[PDB]
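Working notes, beginning with the structure itself.
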Amino acid sequence: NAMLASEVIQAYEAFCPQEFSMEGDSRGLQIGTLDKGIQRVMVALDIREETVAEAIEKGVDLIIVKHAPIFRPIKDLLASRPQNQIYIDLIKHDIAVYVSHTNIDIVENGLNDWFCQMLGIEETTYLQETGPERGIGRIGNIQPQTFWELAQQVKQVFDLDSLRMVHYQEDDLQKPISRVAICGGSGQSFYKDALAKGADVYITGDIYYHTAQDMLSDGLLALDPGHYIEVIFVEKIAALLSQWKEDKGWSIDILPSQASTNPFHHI
Amino acid sequence: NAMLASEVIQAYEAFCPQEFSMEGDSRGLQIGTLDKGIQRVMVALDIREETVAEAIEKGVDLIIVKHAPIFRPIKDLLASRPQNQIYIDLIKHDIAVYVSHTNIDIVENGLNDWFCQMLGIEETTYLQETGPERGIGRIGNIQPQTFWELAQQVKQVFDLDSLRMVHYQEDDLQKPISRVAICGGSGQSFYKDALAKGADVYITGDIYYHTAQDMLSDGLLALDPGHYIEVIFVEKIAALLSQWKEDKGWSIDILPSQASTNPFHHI
Amino acid sequence: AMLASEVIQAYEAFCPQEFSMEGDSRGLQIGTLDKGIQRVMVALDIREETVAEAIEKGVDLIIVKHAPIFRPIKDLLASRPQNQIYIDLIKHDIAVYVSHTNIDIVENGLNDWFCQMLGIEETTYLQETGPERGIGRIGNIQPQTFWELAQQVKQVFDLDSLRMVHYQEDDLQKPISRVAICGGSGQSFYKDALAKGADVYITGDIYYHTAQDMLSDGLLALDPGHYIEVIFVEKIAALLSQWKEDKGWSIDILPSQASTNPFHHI
Amino acid sequence: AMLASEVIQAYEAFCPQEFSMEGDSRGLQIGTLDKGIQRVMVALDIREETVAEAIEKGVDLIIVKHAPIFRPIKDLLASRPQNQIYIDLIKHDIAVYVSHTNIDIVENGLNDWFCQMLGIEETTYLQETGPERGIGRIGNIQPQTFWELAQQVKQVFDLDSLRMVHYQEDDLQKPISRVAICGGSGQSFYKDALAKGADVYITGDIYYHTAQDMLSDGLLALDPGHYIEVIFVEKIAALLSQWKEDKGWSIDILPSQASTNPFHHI
Amino acid sequence: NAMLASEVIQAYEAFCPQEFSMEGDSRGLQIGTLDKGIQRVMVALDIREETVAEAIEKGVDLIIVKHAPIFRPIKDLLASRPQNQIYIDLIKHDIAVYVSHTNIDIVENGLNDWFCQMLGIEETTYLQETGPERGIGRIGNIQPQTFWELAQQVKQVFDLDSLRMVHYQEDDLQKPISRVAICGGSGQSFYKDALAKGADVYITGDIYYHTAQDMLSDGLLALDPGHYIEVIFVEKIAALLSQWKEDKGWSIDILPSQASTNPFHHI
Amino acid sequence: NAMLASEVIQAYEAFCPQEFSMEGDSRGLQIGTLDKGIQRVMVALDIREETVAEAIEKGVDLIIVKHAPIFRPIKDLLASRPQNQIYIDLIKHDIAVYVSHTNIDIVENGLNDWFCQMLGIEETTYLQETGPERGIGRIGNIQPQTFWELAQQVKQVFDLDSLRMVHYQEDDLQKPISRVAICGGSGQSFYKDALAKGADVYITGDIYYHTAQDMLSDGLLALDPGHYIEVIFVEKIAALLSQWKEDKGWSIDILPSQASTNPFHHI
């Protein structure tokens, strides 16, 4: 009777292949099995302590996650290491964990496309090729507006108590922007690609001080919205999975993780 | 009898030896010569285009800098590379460039000590040993106060228009803090040292999303004041050298750089 | 209830973690030692039937010779047999402590037991691993022929078979008076055996080609396999038992009974 | 007198140098093939008593399975036993040609002989090494129990002992119908055996820990040792003999009689 | 309407593509820019101090050079390094520097072809393939003569005050040669190629003592004319560019460098 | 009765320890044994074909050689490789080969000291440290003479049909020299050491074109006498061994190799 976890993942991978992930990237099942019948699937950005308690509490069998819980090989299983207590808790409660990291950023109609839609960036192509006719990040054109207006829009659309604008002068704020590059997560190394493709502005998280200076030297303005604009992953993958439940008659519950894992609170 | 640039540097180095730099770190003279007589020394955090223009306009011969302009080996001298254009303009106007990077962070009465003085952190020692009874970072005790008060004190003491607080739970805000670690610039890899030495809070710049989560798993709160709290370098080292100049009867002018090379403007 | 770490303090004062060879697994690898415990199993290996035995017997701590984590773990996929062992241990809160090469090295450790068992006297070590300590042993015996020693090794260790390393018939009659030994996989110490006067070298897991090279050097050899190191189970259990008695411990101490020998002859 | 290279042309048309696995020793390693010759020895290994035999018998060329130069030579010091073998060959103008993994791979090569010997039918390879070719074999047998197969392997190869890999009594009664085999040191191919439906994997030189991992995967195993590859000597000599007859060669062909097996049981 | 330096280089490159350089070899522009209009191009073998002085005195804007002045990455720009002082003086007088190193050796009607023409080596092909029907070095047939005569011809044809003959035995001198390999500069690692293609003699520079013994063990005679036979580069490329200049009506002067940078004076 | 080869080597190593050789260098016995009684020892620079025939012809049991016959590990023993035919010939005739390479250059009263004596270079120390209070090359002072006079002296003292002087100008020829660095063999990489130690002139073999240019940029003149000035090794080690024969009553013949192995014959 119960839906195998593996038939949920079969559906996910048809939209978003494992092999669309950049080389060297974590992908796919990392913890547990998919061979068994399940009732509940959660979508999360990260798995921290609060995410584990929440999965236990809500009776979750599988978590589909963007950032891998095993990001490097595990040296030992000492219960005194906090990362190991997470693994121990998942294993004890038979919570399987499946990773969709850079492949969701690359795929057509994936996270970076969501970004483009929410901001009205159009006629998009990707930033850096990762495979035949695909790549990470996006660049496209907007209805012209100034740098400051783009900044106000980003802060609002993404719900930010905090936006970092990257510029030196006050007159940059009135520079018209009509071509915008965007890359969720840590995309600062795709900036020369955004520059070669004609970006007026690059939006990406985790922009190092020195690289921000380099961009500015290249004549490229920037917006750093932080790494948390990626929570869109949660509502969007939950919403897609639920559309599948309804269309295909699935007997599962689909839940977005509510436990915030954002470590950074401004001012 | 113009003062040799080497004699300024000799004075600087008796205070802050090149050898106190962390291994592999840039140090000392990078561009030009210190064997000619000079008129003016500028102190800077970075050398960007505006620093170069400012130095040219003010007739500077030597710049004392914290962040090295030659930070990796140079592949070519193509003018079309913004970094080379900085090099080009320094060489043409005979501006010598001297680096004091981690040694100022490590030295007694250096940058991390100035921070401790400004925040009232007493009975200090270092976080990571880098040599005979010395190292990078500082940890000590404050007059007790809550996490939020410390964060407010940090925001004001450093003239920040935003500071990142690292916590998850609203009630972290009310947590009594009495032991504090601090490390100018990119100090997140010393957080275990802070934790081992009994810090309730770690103040450091450029804290990655995932490291912040790890700190919190370890039960360590943090404050990320961004990279620019290290402009204290400019003010303190210009004053240190102006005082030497006055006391010792030096025939040079010592100027603090005031072209901002901060790429980050909040909201 | 005594903490598991109070058993390990007693173990580590006999057999320090540091006496392990450089880069070798040592100490606690899975679980914790700061909870009260009731039962400790001594095992040579942890395989599926060691896990099942530890579960059925109510084991809190397993002290083991061969590490269950012998290299970094890449994922925690249930479909990998090695992860299934980890999974079961974690779920049953079974901690696992490793004593691999240190027990080999220490005085009255694994290789000293073999010596006592075979009458190897006035011993020293093969390769140096620390101040006046090292892996393997070499000393002297009452002279016997190669064939007499081989009968004795097969008998003393209860072996269905033994591999003798030699090419010729008259090697069997060669008088043997100095003997080297290293439990487990010590073929790489054979040049030290030879340098220190060994007529015969007894060790496990001798490659075809290495055996030939030993013989080319004039060194005869005996390969009893790896299983002679189960001595570890009975001997470490008797040590813990002795400590229980002396110190008034209330733990039960269990030598593992689940055979993890994969090799059966003929 | 026929050139040694005219024997090797015939060998290489059966068993090409290229069919060797990547990075493996192959072909001529010592001497030359462009002088007339009278005698060719087939050997498995070259050790001191193979050298002495080649000298006494007037051998010009040795075709061997295991390379005598298996890594670069650092010096030519007479006091190293391996150099003494080189020294004697060079002084007696004995050339040495290597056929290591290629003879394993080729059709009617080493692993096909084992199949014919054991009744393994409708075979394919374990790991791919080239276009429709690879190392090891897997195919089907008339179903028998694990214990029946083990008796047959011990008997068919004339073994003083055989290592069976299993933990439990009732493994002996397990019906076996699909069998993998790789002469020599093919434990690293065992995942391919398992992937392709093997109930049992027969190979040499199975490490203690690998054996346990095989068993964890449900794969039973038999370790007959390395010496079952002496089949190479008799079989390649009969091939050369057949060519001598067909082509009117005047060379004598000698299977080496000097046993270089280092391992004798009990 | 001054001619863009890039237009000279485009003309040069249609003849001798950068891509014909051996992999890892320096190529193309190394110092400065080619986007400004210029007056004068100098051709040189090397750029040493005298080349720099000569270029400054003659008002040169672009130097086309065979041996790269940036031949490994630059660790610093310290004036006390003679190599940096060359860089410094080029940058200050705005002399751009363009490298044609192995591509001129490989290209048809390039340096090794000019040598063959001068020595009468016919029916040529290359020694080592470096791409689609092309490579470095040349081998062909001469009108037969003895080894000593060839050596005398080489000494004169190239205006050498010494040449090294590679042989052991007085009677090698009388050996009939009819097949000859040649490779400008450091070509001793192509000698097996020469031997395989049937050379009686190999002409190449910078032949190590031990390699020469190896050639001779293989029964290959050699001639070492030293590095300076590659000044032909200067003369031939200056003439090539002056002819283009005249035919195409270019508004630039093309000068051969005549400051000798040969460090080697015999007896 | 017959002297063991190993007692000859015991005497050699007491003058010239194996362990005085630079790290990574070949040293000591490479081919054969020293355990047997011998009649004849030859001293050679190199072992080539002609050196082998000569050793066979003269009935030599041991060769003491400066340049190692096994200079890297041997991949196979194909008799078709010329270097392998040398080994095959040595082995068949039981000729043992012993190497004394960089240790003879380092030791007190070794090859570089012979050079100093023959040229009257005095108050010598070594160039580069290789061990406690020892190193390779020498530098000392001469009775002042011009560069040209030093060159004429070197050519004569060493019997050269060929000396390469390293300078750019004709007035360098009259520059007074009073401090001279020397290193037999390939010592061009010890030149900065010669420069830091006050050399006016550096004498060494196998000086690459580009390095000669570098020296000249450093203000260091040079003389390249080729790699064959090292034959002094032959007469000097033969002369020392024979002095030992006579003093210690040895029953051996001592011969210097006469077979020239010089591959390079000038003009």
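Naming works like this for the structure tokens: A, B, ... for the chains as they're shown, residue 1 at the start of each chain, ligands 1 onward in shown order.
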
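Close contacts of residue 211 in chain B, defined as residues with an atom at most 10 Å away when counting only C-alpha atoms, with chain neighbours fewer than 4 positions off set aside, comprise residues 263 of chain A; 188, 189, 191, 207, 215, 216 and 217 of chain B.
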
Dump as a compact mmCIF listing (two decimals), in the first residue's frame, selection limited to N, CA, C and O atoms:
# COMPACT_ATOMS: atom_id res chain seq x y z
N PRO A 263 21.46 31.71 10.98
CA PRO A 263 22.25 32.01 12.18
C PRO A 263 22.46 33.51 12.42
O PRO A 263 22.85 33.90 13.53
N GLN B 188 37.48 33.33 11.62
CA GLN B 188 36.52 32.29 11.98
C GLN B 188 37.20 30.93 12.20
O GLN B 188 36.66 30.08 12.87
N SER B 189 38.39 30.74 11.65
CA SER B 189 39.08 29.48 11.85
C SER B 189 39.74 29.41 13.24
O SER B 189 40.19 28.35 13.66
N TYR B 191 37.80 30.00 15.97
CA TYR B 191 36.70 29.90 16.92
C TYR B 191 36.78 28.74 17.95
O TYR B 191 36.26 28.86 19.08
N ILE B 207 32.31 35.85 8.68
CA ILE B 207 31.84 34.57 9.20
C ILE B 207 30.90 33.95 8.17
O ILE B 207 29.82 34.49 7.88
N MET B 215 29.57 27.22 15.14
CA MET B 215 29.73 27.96 16.42
C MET B 215 28.53 27.71 17.34
O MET B 215 28.69 27.37 18.52
N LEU B 216 27.33 27.85 16.79
CA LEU B 216 26.10 27.79 17.55
C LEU B 216 25.79 26.39 18.09
O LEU B 216 25.32 26.22 19.22
N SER B 217 26.07 25.39 17.25
CA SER B 217 26.11 23.99 17.69
C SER B 217 27.03 23.80 18.89
O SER B 217 26.71 23.02 19.77

* **Which of range 56-229 of chain F DSSP labels alpha helix (DSSP H), written as a ChimeraX atom specification** => /F:56-57,82-92,102-106,111-119,147-157,191-196,209-217

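You will find CA of residue 110 in chain F at 16.7 Å from CA of residue 132 in chain F.
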
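For the atom pair formed by CA of residue 246 in chain A and CA of residue 16 in chain A, the distance is 19.6 Å, given to one decimal.
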
* To do: Show which residues sit within 10 Å of residue 170 in chain C, as number ranges by chain. Count only C-alpha atoms, and ignore same-chain residues fewer than 4 positions away.
  => C: 146-147, 166, 174

* With a distance cut-off of 7 Å and only C-alpha atoms, select the neighbouring residues of residue 200 in chain A, excluding the residue or stretch itself and same-chain residues fewer than 3 positions from it, and output the selection as a PyMOL selection string. => chain A and resi 177-180+220-221

Mind dumping the selected residues with N, CA and C atoms as a PDB file, in the first residue's frame?
ATOM      1  N   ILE A 177      20.100  50.513 -14.551  1.00  0.00           N
ATOM      2  CA  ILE A 177      20.373  49.087 -14.671  1.00  0.00           C
ATOM      3  C   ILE A 177      19.322  48.505 -15.597  1.00  0.00           C
ATOM      4  N   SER A 178      19.763  47.798 -16.640  1.00  0.00           N
ATOM      5  CA  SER A 178      18.827  47.059 -17.494  1.00  0.00           C
ATOM      6  C   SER A 178      19.231  45.609 -17.708  1.00  0.00           C
ATOM      7  N   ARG A 179      20.433  45.238 -17.251  1.00  0.00           N
ATOM      8  CA  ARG A 179      20.874  43.872 -17.376  1.00  0.00           C
ATOM      9  C   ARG A 179      21.444  43.346 -16.076  1.00  0.00           C
ATOM     10  N   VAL A 180      20.834  42.265 -15.599  1.00  0.00           N
ATOM     11  CA  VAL A 180      21.062  41.740 -14.259  1.00  0.00           C
ATOM     12  C   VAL A 180      21.449  40.258 -14.222  1.00  0.00           C
ATOM     13  N   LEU A 220      31.431  46.622 -12.291  1.00  0.00           N
ATOM     14  CA  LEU A 220      30.250  45.843 -11.998  1.00  0.00           C
ATOM     15  C   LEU A 220      29.711  46.188 -10.604  1.00  0.00           C
ATOM     16  N   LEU A 221      28.482  46.702 -10.542  1.00  0.00           N
ATOM     17  CA  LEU A 221      27.818  46.907  -9.262  1.00  0.00           C
ATOM     18  C   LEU A 221      27.269  45.569  -8.755  1.00  0.00           C
TER      19      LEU A 221
END

* Residues of chain C within 12 Å of chain A, only C-alpha atoms counted, as a PyMOL selection string -> chain C and resi 25-35+67-80+83-84+86-98

* Using backbone DSSP assignments, extract all strand (DSSP E or B) residues from range 41-77 of chain B; output them as a ChimeraX atom specification. => /B:41-44,62-65,74,77

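Within the 12 Å cut-off around residue 56 in chain A, using only C-alpha atoms and omitting residues fewer than 4 positions from it on the same chain, the listed residues are residues 40, 41, 42, 49, 50, 51, 52, 60, 61, 62, 63, 86, 89, 90, 91, 92, 93, 94, 95, 96 and 257 of chain A.
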
* chain E contacts on chain F, only C-alpha atoms, 9 Å, as number ranges by chain -> F: 48-49, 81-83, 151-152, 155, 161-168, 206, 208-210, 212-214, 216-218, 226-227, 260-267

What does the file look like for those residues with C-alpha atoms, as a PDB file, in the first residue's frame?
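Output below, filename selection34.pdb:
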ATOM      1  CA  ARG F  48      81.165   5.446 -21.643  1.00  0.00           C
ATOM      2  CA  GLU F  49      81.753   2.704 -24.226  1.00  0.00           C
ATOM      3  CA  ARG F  81      69.557   0.562 -25.090  1.00  0.00           C
ATOM      4  CA  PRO F  82      73.165   1.898 -25.231  1.00  0.00           C
ATOM      5  CA  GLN F  83      73.244   2.717 -21.523  1.00  0.00           C
ATOM      6  CA  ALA F 151      90.637  34.511 -18.716  1.00  0.00           C
ATOM      7  CA  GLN F 152      94.054  33.893 -20.395  1.00  0.00           C
ATOM      8  CA  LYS F 155      92.398  28.807 -20.599  1.00  0.00           C
ATOM      9  CA  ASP F 161      91.115  25.153 -27.090  1.00  0.00           C
ATOM     10  CA  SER F 162      88.060  27.083 -25.958  1.00  0.00           C
ATOM     11  CA  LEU F 163      87.125  29.520 -23.209  1.00  0.00           C
ATOM     12  CA  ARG F 164      83.758  31.299 -22.985  1.00  0.00           C
ATOM     13  CA  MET F 165      84.002  34.724 -21.308  1.00  0.00           C
ATOM     14  CA  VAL F 166      80.703  36.141 -19.916  1.00  0.00           C
ATOM     15  CA  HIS F 167      80.452  39.913 -20.270  1.00  0.00           C
ATOM     16  CA  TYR F 168      78.728  42.487 -22.473  1.00  0.00           C
ATOM     17  CA  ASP F 206      77.304  24.626 -18.320  1.00  0.00           C
ATOM     18  CA  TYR F 208      72.728  28.665 -19.683  1.00  0.00           C
ATOM     19  CA  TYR F 209      72.363  31.676 -21.913  1.00  0.00           C
ATOM     20  CA  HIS F 210      69.607  33.227 -19.707  1.00  0.00           C
ATOM     21  CA  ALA F 212      74.612  34.292 -17.933  1.00  0.00           C
ATOM     22  CA  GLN F 213      72.409  37.355 -18.602  1.00  0.00           C
ATOM     23  CA  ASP F 214      71.183  37.300 -15.029  1.00  0.00           C
ATOM     24  CA  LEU F 216      75.595  40.150 -15.793  1.00  0.00           C
ATOM     25  CA  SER F 217      72.565  42.060 -14.551  1.00  0.00           C
ATOM     26  CA  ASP F 218      73.838  41.366 -11.018  1.00  0.00           C
ATOM     27  CA  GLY F 226      83.202  23.732 -19.936  1.00  0.00           C
ATOM     28  CA  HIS F 227      82.569  20.527 -18.037  1.00  0.00           C
ATOM     29  CA  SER F 260      88.581  10.554 -23.460  1.00  0.00           C
ATOM     30  CA  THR F 261      84.855  10.847 -23.058  1.00  0.00           C
ATOM     31  CA  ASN F 262      84.706  14.535 -24.030  1.00  0.00           C
ATOM     32  CA  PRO F 263      81.944  14.794 -26.663  1.00  0.00           C
ATOM     33  CA  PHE F 264      82.641  18.458 -27.588  1.00  0.00           C
ATOM     34  CA  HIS F 265      85.394  19.546 -29.957  1.00  0.00           C
ATOM     35  CA  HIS F 266      85.614  23.230 -30.811  1.00  0.00           C
ATOM     36  CA  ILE F 267      85.566  24.981 -34.246  1.00  0.00           C
TER      37      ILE F 267
END

* Asked: If we count only C-alpha atoms, which residues of chain C reach to within 6 Å of chain D? Please list them as a ChimeraX atom specification.
  -> /C:161-167,212,262-266

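If you look at CA of residue 236 in chain D and CA of residue 20 in chain D, they are 16.6 Å away from each other.
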
Excluding residue 137 in chain F and its own-chain neighbours fewer than 5 positions away, which residues fall within 9 Å of it when counting only C-alpha atoms? Please give them as a compact mmCIF listing (two decimals) with N, CA, C and O atoms, in the first residue's frame.
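Below is the file that was written, around-v5.txt:
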# COMPACT_ATOMS: atom_id res chain seq x y z
N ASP F 105 83.66 17.48 -4.57
CA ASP F 105 83.49 18.93 -4.73
C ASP F 105 83.33 19.67 -3.38
O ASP F 105 83.43 20.88 -3.32
N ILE F 106 82.95 18.94 -2.33
CA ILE F 106 82.59 19.58 -1.07
C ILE F 106 83.75 19.44 -0.09
O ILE F 106 84.10 20.40 0.59
N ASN F 112 87.38 21.30 -5.96
CA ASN F 112 87.33 22.74 -5.96
C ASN F 112 88.53 23.36 -5.27
O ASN F 112 88.93 24.43 -5.67
N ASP F 113 89.09 22.71 -4.25
CA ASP F 113 90.37 23.18 -3.68
C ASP F 113 91.54 23.05 -4.67
O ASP F 113 92.38 23.94 -4.76
N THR F 125 86.62 30.03 1.31
CA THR F 125 85.53 29.38 1.99
C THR F 125 84.67 28.81 0.87
O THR F 125 84.94 29.07 -0.30
N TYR F 126 83.65 28.04 1.23
CA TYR F 126 82.77 27.38 0.27
C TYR F 126 81.66 28.34 -0.19
O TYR F 126 81.50 29.40 0.43
N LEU F 127 80.90 27.99 -1.23
CA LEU F 127 79.79 28.87 -1.74
C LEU F 127 78.45 28.71 -1.04
O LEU F 127 77.84 29.68 -0.59
N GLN F 128 77.99 27.46 -1.01
CA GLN F 128 76.73 27.10 -0.41
C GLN F 128 76.94 25.99 0.58
O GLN F 128 77.46 24.93 0.23
N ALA F 181 85.07 33.37 -7.39
CA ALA F 181 84.33 32.18 -7.06
C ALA F 181 84.47 31.08 -8.13
O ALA F 181 84.54 31.35 -9.33
N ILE F 182 84.55 29.84 -7.66
CA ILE F 182 84.70 28.72 -8.57
C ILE F 182 83.93 27.48 -8.13
O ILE F 182 83.83 27.16 -6.92
N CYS F 183 83.34 26.80 -9.11
CA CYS F 183 82.60 25.57 -8.85
C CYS F 183 82.66 24.71 -10.09
O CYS F 183 82.17 25.11 -11.16
N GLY F 184 83.25 23.54 -9.92
CA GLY F 184 83.40 22.59 -10.99
C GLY F 184 82.08 21.97 -11.31
O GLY F 184 81.16 21.96 -10.49
N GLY F 187 77.57 24.61 -11.72
CA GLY F 187 77.37 25.37 -10.49
C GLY F 187 76.67 26.70 -10.68
O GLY F 187 76.78 27.54 -9.82
N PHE F 190 74.69 28.31 -7.98
CA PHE F 190 75.35 28.81 -6.76
C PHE F 190 75.84 30.22 -6.99
O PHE F 190 76.55 30.78 -6.15
N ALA F 194 77.87 33.21 -4.71
CA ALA F 194 79.13 33.86 -5.10
C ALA F 194 78.97 35.39 -5.10
O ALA F 194 79.78 36.09 -4.54

* Could you name the residues that touch range 238-241 of chain F at 10 Å or less, counting only C-alpha atoms, but leaving out those on the same chain fewer than 4 positions away, as a PyMOL selection string? -> chain F and resi 8+11-12+41-44+64+232-234+245-247+250+252-257

Produce a file of the selected residues containing C-alpha atoms, as a PDB file, in the first residue's frame.
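This is the output file part_24.pdb:
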ATOM      1  CA  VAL F   8      90.567   0.612  -0.892  1.00  0.00           C
ATOM      2  CA  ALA F  11      90.634   4.498   2.696  1.00  0.00           C
ATOM      3  CA  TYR F  12      88.822   6.661   0.048  1.00  0.00           C
ATOM      4  CA  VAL F  41      91.574   0.134  -9.828  1.00  0.00           C
ATOM      5  CA  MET F  42      90.802   2.746 -12.458  1.00  0.00           C
ATOM      6  CA  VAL F  43      89.838   6.384 -11.862  1.00  0.00           C
ATOM      7  CA  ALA F  44      87.502   7.870 -14.514  1.00  0.00           C
ATOM      8  CA  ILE F  64      86.049   4.881  -9.068  1.00  0.00           C
ATOM      9  CA  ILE F 232      91.659  16.802 -12.855  1.00  0.00           C
ATOM     10  CA  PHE F 233      89.633  14.282 -10.717  1.00  0.00           C
ATOM     11  CA  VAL F 234      91.345  11.430 -12.606  1.00  0.00           C
ATOM     12  CA  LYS F 245      99.735   2.198  -2.198  1.00  0.00           C
ATOM     13  CA  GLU F 246     103.366   3.265  -1.538  1.00  0.00           C
ATOM     14  CA  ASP F 247     102.863   4.430   2.092  1.00  0.00           C
ATOM     15  CA  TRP F 250      99.341  -2.021  -1.080  1.00  0.00           C
ATOM     16  CA  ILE F 252      97.313  -3.081  -6.306  1.00  0.00           C
ATOM     17  CA  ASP F 253      97.764  -1.314  -9.582  1.00  0.00           C
ATOM     18  CA  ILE F 254      96.271   2.178  -9.805  1.00  0.00           C
ATOM     19  CA  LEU F 255      95.390   3.621 -13.190  1.00  0.00           C
ATOM     20  CA  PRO F 256      93.941   6.875 -14.466  1.00  0.00           C
ATOM     21  CA  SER F 257      91.505   6.340 -17.352  1.00  0.00           C
TER      22      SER F 257
END
